[PDB]
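Peer 1: What follows is a structure written as structure tokens; I'll ask about it next.
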Amino acid sequence: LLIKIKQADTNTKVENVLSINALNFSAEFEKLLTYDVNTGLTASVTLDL
Amino acid sequence: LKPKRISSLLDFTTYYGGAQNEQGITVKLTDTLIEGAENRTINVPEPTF
């Protein structure tokens, strides 16, 4: 996914939006910390690997 | 119904003409989006009539 976002900058900003919010990139960060964004520090530890 | 002697293909189209235009050709166009990238499809099948 890191390689894909560097090639996607040639044509479309929606390409850079479809990945990081709707598709796989927003979903992959949740498995280590599910809702850590509730504060400045990682809290509300619902899921922790 | 009169027999006539010709000598080349240019002699034939002078007195008799050419072929008949086909009536069974169809053209299809489709615009698609594949993960933010455009895709255009052109489909001309071979005529059955």
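The chains in the structure tokens are called A, B, ... from first to last as shown; in each chain the residues are counted from 1, and the ligands are counted from 1 in the order shown.
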Based on only C-alpha atoms, which of the residues in chain A come within 8 Å of chain B? I want them as a PyMOL selection string.
Peer 2: chain A and resi 12+14-15+18
Peer 1: Next, write the just-selected residues to a file, as a PDB file, in the first residue's frame, keeping N, CA, C and O atoms as the atom set.
Peer 2:
```
ATOM      1  N   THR A  12      -4.676  11.336  -9.971  1.00  0.00           N
ATOM      2  CA  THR A  12      -5.953  11.501  -9.294  1.00  0.00           C
ATOM      3  C   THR A  12      -5.711  11.713  -7.809  1.00  0.00           C
ATOM      4  O   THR A  12      -4.882  11.032  -7.201  1.00  0.00           O
ATOM      5  N   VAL A  14      -8.508  11.517  -5.892  1.00  0.00           N
ATOM      6  CA  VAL A  14      -9.504  10.579  -5.382  1.00  0.00           C
ATOM      7  C   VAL A  14      -8.871   9.207  -5.156  1.00  0.00           C
ATOM      8  O   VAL A  14      -9.215   8.497  -4.202  1.00  0.00           O
ATOM      9  N   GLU A  15      -7.862   8.892  -5.971  1.00  0.00           N
ATOM     10  CA  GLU A  15      -7.088   7.665  -5.801  1.00  0.00           C
ATOM     11  C   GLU A  15      -6.394   7.749  -4.443  1.00  0.00           C
ATOM     12  O   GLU A  15      -6.318   6.758  -3.720  1.00  0.00           O
ATOM     13  N   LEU A  18      -9.521   7.314  -1.940  1.00  0.00           N
ATOM     14  CA  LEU A  18     -10.215   6.028  -1.925  1.00  0.00           C
ATOM     15  C   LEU A  18      -9.445   4.990  -1.117  1.00  0.00           C
ATOM     16  O   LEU A  18     -10.043   4.141  -0.447  1.00  0.00           O
TER      17      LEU A  18
END
```
Peer 1: Please compute the atom CA of residue 31 of chain A-atom CA of residue 46 of chain A distance, one decimal, in Å.
Peer 2: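 Taking atom CA of residue 31 of chain A as the start and atom CA of residue 46 of chain A as the end point, the length is 10.0 Å.
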Peer 1: Using DSSP assignments from the backbone, pull out every residue in chain B that falls under strand (DSSP E) and give it to me as a list in words.
Peer 2: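 So the strand (DSSP E) residues in chain B would be residues 28, 29, 30, 31, 32, 33, 34, 37, 38, 39, 40, 41, 42 and 43 of chain B.
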Peer 1: Considering only C-alpha atoms, return as a PyMOL selection string whatever protein or nucleic-acid residues lie within 10 Å of residue 35 of chain A, sequence-local ones (same chain, fewer than 4 positions apart) excluded.
Peer 2: chain A and resi 30-31+39+42-47
Peer 1: Taking only C-alpha atoms into account, which of A:29, A:17, A:11, A:3 comes nearest residue 38 of chain B?
Peer 2: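 With only C-alpha atoms as the atom set, the closest residue is A:11.
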Peer 1: List every residue of chain A that DSSP, applied to the backbone of this structure, assigns to helix (DSSP H, G or I), and report them as a ChimeraX atom specification.
Peer 2: /A:2-10,15-22,24-31,36-38
Peer 1: So how far away is atom CA of residue 40 of chain A from atom CA of residue 21 of chain A, in Å?
Peer 2: 20.6 Å
Peer 1: Could you list, as a PyMOL selection string, every residue within 12 Å of residue 26 of chain B, counting only C-alpha atoms and ignoring same-chain residues fewer than 5 positions away?
Peer 2: chain B and resi 42-49
Peer 1: Could you write those residues out with C-alpha atoms, as a short mmCIF file (atom, residue, chain, number, x, y, z; two decimals), in the first residue's frame?
Peer 2:
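result.cif, written as the output of this step:
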```cif
data_model
loop_
_atom_site.label_atom_id
_atom_site.label_comp_id
_atom_site.auth_asym_id
_atom_site.auth_seq_id
_atom_site.Cartn_x
_atom_site.Cartn_y
_atom_site.Cartn_z
CA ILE B 42 -15.26 -0.86 -27.47
CA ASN B 43 -17.16 -3.97 -28.62
CA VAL B 44 -17.91 -4.76 -32.26
CA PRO B 45 -19.07 -8.39 -32.67
CA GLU B 46 -18.94 -10.20 -35.97
CA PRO B 47 -22.33 -9.97 -37.71
CA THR B 48 -24.63 -12.98 -37.74
CA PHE B 49 -26.74 -11.60 -40.63
#
```
